[PDB]
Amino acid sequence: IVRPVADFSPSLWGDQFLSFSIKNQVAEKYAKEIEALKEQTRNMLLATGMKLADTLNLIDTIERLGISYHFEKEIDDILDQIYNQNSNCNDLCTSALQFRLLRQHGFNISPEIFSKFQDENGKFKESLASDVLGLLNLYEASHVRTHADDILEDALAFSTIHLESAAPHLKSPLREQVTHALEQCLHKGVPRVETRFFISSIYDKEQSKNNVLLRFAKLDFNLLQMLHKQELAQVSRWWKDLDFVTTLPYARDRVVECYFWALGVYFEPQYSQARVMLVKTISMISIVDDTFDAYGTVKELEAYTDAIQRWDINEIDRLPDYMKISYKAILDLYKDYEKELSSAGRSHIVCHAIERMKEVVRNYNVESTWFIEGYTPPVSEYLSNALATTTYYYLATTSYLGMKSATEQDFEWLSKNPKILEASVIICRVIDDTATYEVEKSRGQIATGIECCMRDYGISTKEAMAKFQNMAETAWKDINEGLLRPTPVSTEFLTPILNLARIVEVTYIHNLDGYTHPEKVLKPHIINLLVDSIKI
């Protein structure tokens, strides 16, 4: 058996993450000051007699500065009061921000708040085109709509064309904020990534900045970064000691990029155990993917698939040596998870992730069968298989394992494929298919999403990519709707699903596979989040 020759780029990080020693004196100093700044900030939020516009701007600033996770109760109480008092008497700037903030927090504020800014025809008044802060906030708000918000149908196009027109003559840092927003809206960005940009490029350069908030944000970002580096060191050593880099050289070596993925799902310190469990799974399923896609023979992949279904160390001997390596690593990883969750009495929840992993591998094998047979399924059949091969049902399930508050009922809800999860999975599927179409096509993969779409509907690549873009837009509206109260589970368990969809948008920005090719997109993010501290 002569295998397909390896074409993946090596890890561009080497060992620079392998060893990190926290400076305990600096850490304790930061924490000590943060506690003080945190209280000053809490008192800013609980201050009586603030105007609506001032209250919304304070909350928005604290959220963009990445420090709102300290104030979830206070912020929720304030937005809840604003929701219930129903103040519809403001300018575009305040109205659009009110709408976005309430919607992002699950408060179903009516989109009729925008009627006064539109003409008889439902189109935004073009007289608003000279109000740059109104346009910017309308732009950001336009990305949080549901299927019930067609009054906002025109908002993205309207704000975009006029922000583009105004941008070159704006003062700084407003110009840079607008320019950034047009490339990456806030709602669909990875929170740490957007926070890092906001702190260093915008708020640090604002003449009006609050000094207490800016210092708080910098110390907190840098203190959390220390934790992330410890985690990544710990994960880098784990990966190094598995040595897939040499024993499975056909596979993508991307444990840092996998860590960036897990960091996108949640960054807070209470999810430290969850992040570390998650990155290990993302890493390991990546190995399995490359085995199906770029190395294993039809017969080998059949044995591997069957062994995964049986999930028994007795099955190893049915496998080629090189498959024994990953199979044992997989079984051991889940034994690790079980032991790690023992003292909290949560070991039994590991089986939910295992069953999702089995599902991914069955569908990998189907995809391989399709390839060998030269089968091009209809789109409905394609999706019934290819949705799971995104790994996103599996990653979402995995994200709950290290979350101490996740219960059987939460896993039960997730197991039924709720709409918000299905949407996030669909976004991953259609975005990846649009970006990897040409490549997979060159490699003879006739069952690619876009190809199935073209053959099924009898349309061009352009029309098919446009139809896939529509599916992604529909799915984002489903995600936004899925966040609205009353939620079927705690918001804490919805946000990881939302964040998975954000990571897709951020990683495949400009229609390129950033995970397989980290140099262009992921490398700057990893440097900003995990290498360079914010200068104070």
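Between two forms, the rigid core is the largest collection of C-alphas that superpose within 1.5 Å. One-based numbering along the sequence shown.
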| query | finding |
| --- | --- |
| Between 345 to 353 and 85 to 93, larger RMS Cα displacement in 7 other deposited structures of this protein after core fit | 85 to 93 |
| Higher C-alpha RMS shift from the shown form in 7 other deposited structures of this protein - 437 to 445 or 219 to 227, rigid core fit | 437 to 445 |
| Higher-B stretch (mean Cα B-factor, as the entry records it), 358 to 366 or 318 to 326 | 318 to 326 |
| Average Cα temperature factor in the PDB entry - higher stretch of 221 to 229, 237 to 245 | 237 to 245 |
| Selection by C-alpha B-factor (highest) of 100, 188, 171, 462 | 462 |
| Residue, from 114, 295, 400, 382, that the PDB entry assigns the highest Cα B-factor | 295 |
| CA B-factor ranking of residue 106, expressed as a third of its chain | lowest |
| Where the record places residue 208 (Cα B-factor, split into thirds across the chain) | highest |
| Within-chain third of residue 194 by Cα B-factor, per the entry | lowest |
| Third assignment of residue 32 from its chain's C-alpha B-factors | highest |
| Third of the chain, ranked by Cα B-factor, where residue 412 sits | middle |
